[PDB]
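Geometric and topological summary
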Amino acid sequence: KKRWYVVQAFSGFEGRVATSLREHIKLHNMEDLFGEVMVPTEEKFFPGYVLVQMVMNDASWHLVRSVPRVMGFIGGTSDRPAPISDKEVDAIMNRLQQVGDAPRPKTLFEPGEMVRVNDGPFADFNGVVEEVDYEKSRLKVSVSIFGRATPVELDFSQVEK
Amino acid sequence: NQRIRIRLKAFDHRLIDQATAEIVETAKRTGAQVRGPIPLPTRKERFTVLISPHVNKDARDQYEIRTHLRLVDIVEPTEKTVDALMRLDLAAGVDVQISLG
Amino acid sequence: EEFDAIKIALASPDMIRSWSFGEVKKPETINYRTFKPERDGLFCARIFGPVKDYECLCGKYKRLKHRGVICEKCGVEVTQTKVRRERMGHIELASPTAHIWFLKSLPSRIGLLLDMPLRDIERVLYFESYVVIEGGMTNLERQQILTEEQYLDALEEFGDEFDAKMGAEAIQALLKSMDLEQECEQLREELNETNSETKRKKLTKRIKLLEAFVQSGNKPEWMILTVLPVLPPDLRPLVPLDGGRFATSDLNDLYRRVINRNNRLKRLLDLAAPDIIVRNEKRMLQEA
Amino acid sequence: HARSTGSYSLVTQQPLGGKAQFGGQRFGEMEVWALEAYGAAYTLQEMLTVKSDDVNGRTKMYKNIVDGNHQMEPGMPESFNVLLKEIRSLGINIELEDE
Amino acid sequence: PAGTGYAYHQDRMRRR
DNA sequence: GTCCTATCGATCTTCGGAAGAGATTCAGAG
DNA sequence: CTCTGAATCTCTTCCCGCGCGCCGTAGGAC
Ligand SMILES: [Mg+2]
Ligand SMILES: [Mg+2]
Ligand SMILES: [Mg+2]
Ligand SMILES: [Zn+2]
């Protein structure tokens, strides 16, 4: 039975840590002592932690800490580091399984609301609602180009609330 | 990248020309291709009024307001281009309408 | 302001909010092409005040007639730019946090007040062990740090007729637990309970300290931060140098560390991370 | 080198130091003990406020000197207000007090 | 509160 | 080439300061 | 069985001015 453990890497080199970890496993051929290696990703939690299905021998512990760009395990102590939990592994796999299905909000662009844009050359500019292109599923938002509050129209996808 | 379309409307033609030229220069300088300055038609709104305070119907004045249009389109808005345009403030009395999308 | 004495004390969280004019949210300072301050970052003109001499950032107002209006294009107040050096903001921390000074002065003011050794509160505060509180119908003491092995023991040798926590919340709870005057009234008698010089004196210290916390207005939980004030931006200016480069202006790298960590910790709290992950970020925040 | 008036630093308004900048000489720590060792109090008050740090008083002083009034309004130095905020930027409530 | 400034603090404290 | 995000979460911070004082750790025993 | 002696650890301090000289976030990903 292989239980889960948490590994800390240099945050930013995490995929390379995962690849080097799989390669160190297939070098030192303790293939019966490692199950998987998880870096979950949403359309990226957790920011710098690598999940490893593993067992605990001191040889495999030295193996994972001899993988480069790995600080160490995170647990109660450094002698016998800590697995996490049954329901916590199940919930992380639940949200990893709820992969897609991530659209946007359903709120309305109230006239007068001060907005910022989401895409385009005018992306992320200090905008303020000027009118309601409602039944178009569209938008129009004031902006400061040429110093005037010029009337500029935006797609509904260009809101930021 | 969708391209920014700009409509200039002014009662004076020289002023509108000045605005359009400045905008074109700014765009063309920042690299993006200005695709204009096309003069759209002028709206000649004519009025005919009685000049007398009371009778005499044939004594009349014909006035007219002439609205000049200029369409300046700029293809692919870049960083330099958008920021330059934003920085540049035009002459007052020239209505600009930035249609994009 | 004219004055004739100076007073110092610990600042309660509501006082620290009172000094604030806004709450900082983003780990940023000024843009990297144009050089406006990025709003709700460490320079946001509507948190602290306007950059231009007596005129506003959004451009809407530029004359003394408007002095003290607040705009609705970006929200800045039009006022003396001089006051940009006067006004503070704050950060709301996603957890309590121990203030390093009171953790590692000459003794520790925390530890001394608790009668708990410095290394052991640090052993809580950097998340190395639990500490047990409200121990109730179980075989456990009043502070008595217990290793995660020894908590996993108590989690089933006992139910929850006790508690133990980890990190700064646990110390905050311990300080909050202080029946402070009653502890002093006892200890000033327990002074007499031996003639042992080798604690009568470091106990004289402890019985002084308790009475000093009593006689001031102070309260012990304030050793622990919760709102962290941020320095008014003109005192830590991000000046440009030779060409388009900002001078590395140290504090703005430190607050940047904090606020990044706090942004992550609010995320991982509300997304409900497991203990080991939050003990990671909570350690990294306290250590920042 | 000599300086009447010119630059001031940003974090605290004391003068710049240098010849490569038009700086004012440091009336450093030991000089202040030297004034205190004469009776000289007004000289010192001036030297470390009106001549130095008090953002109001120095412009009122300058105008009083061109007017030839030979009088000062001394206030309280802005570097000391920097200190207060740098302590109050710790959770340490330091404050001025009245009586 | 020394020297000339003592004499002022003293007068301030005497007219009291 | 530009923009955004993070640090040895798979090492090795220098031995060549003295001091001087305190906080904190241990003797021989009543 | 821990009470006054002593023993090892860290923290803190080290002149005042002054003038030059230079040197001044990176790495990775899209
Ligand atoms: Mg028509
Ligand atoms: Mg007729
Ligand atoms: Mg006629
Ligand atoms: Zn404004």
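Residues numbered from 1 in each chain as written, not as in the entry; some residues may be left out. Chains lettered and ligands numbered in written order. Part of a larger assembly, values for the part shown. Heavy atoms only, no water.

Method of determination for the deposited model, per the PDB record: cryo-EM, at 3.4 Å resolution.

With that settled, consider the protein's contact with DNA strand G. Looking at DNA strand G, the residues that line it are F13 and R16 of chain A, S196 and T198 of chain C together with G18, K19, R26, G28, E29 and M30 of chain D. A breakdown of the atoms of DNA strand G within 4 Å of the protein gives sugar and phosphate a share of 87%. In the model, a phosphate oxygen of DNA strand G is placed 2.8 Å from a nitrogen or oxygen of the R16 of chain A side chain. Among the residues making up the surface near DNA strand G, the classes are represented as two nonpolar, four polar and four charged. (Near = heavy atom within 4 Å. Polar contact = N/O pair within 3.5 Å; in protein donor to acceptor, adjacent residues only side chain to side chain. Nonpolar A, V, L, I, M, F, W, Y, C, P; charged D, E, K, R; others polar.)

Moving on, we get to the side chain of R70 of chain B. Residue and element names in this part refer to chain B. Structurally, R70 is set in strand β3 (residues 60-74). A distance of 3.1 Å separates polar atoms of two side chains, one belonging to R70 and the other to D17. Each residue touching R70, except ones within four places of it in the same chain, is listed here: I6, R7, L8, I16, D17, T20, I38, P39 and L40. (Helix = DSSP H or I, 4+ residues; strand = E, 2+ residues; numbered from the N terminus. Contact = heavy atoms within 4.5 Å.)

Residues and elements named next belong to chain C. A surface patch of positive charge is lined by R109, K199, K201, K202, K205 and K208. No other element matches the five residues that helix α9 (residues 197-215) contributes to the positive patch. With respect to the element layout, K201 can be found in helix α9. (Patch = residues over 30% accessible without salt bridge, like charges linked within 9 Å, V, L, I, M, F, W, Y side chains within 5 Å. Areas by Shrake-Rupley, 256 points an atom, 1.4 Å probe, with all protein chains shown as cover. Salt bridge = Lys/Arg side-chain N within 4 Å of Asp/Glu carboxyl O. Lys, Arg positive; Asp, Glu negative; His and termini not counted. Charge placed at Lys NZ, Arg CZ, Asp CG, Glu CD.)

There are five pairs of chains in contact here; the most contacts are made by chains C and D. Looking at chain B next to chain D, you find no contact at all, with the nearest C-alpha pair sitting 29 Å apart. Left apart from each other, chain C and chain E have a closest C-alpha approach of 13 Å.

On to the interface of chain D and chain C. Taken together, the contact between chain D and chain C spans 21 residues of the former and 27 residues of the latter. Taking both partners together, chain D and chain C bury about 2200 Å²; carbon and sulfur atoms supply 62% of that area. Taken together, the connections running from chain D to chain C amount to two salt bridges. For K85 of chain D, the salt bridge goes to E86 of chain C, with nearest N and O atoms at 3.7 Å. Where the side of chain D that touches chain C is concerned, the elements lending two or more residues are α4 (78-88) and β1 (92-97) of chain D. Counted by class, the side of chain D that touches chain C contains nine nonpolar, four polar and eight charged residues. (Buried area = accessible area lost by both parts, 1.4 Å probe.)

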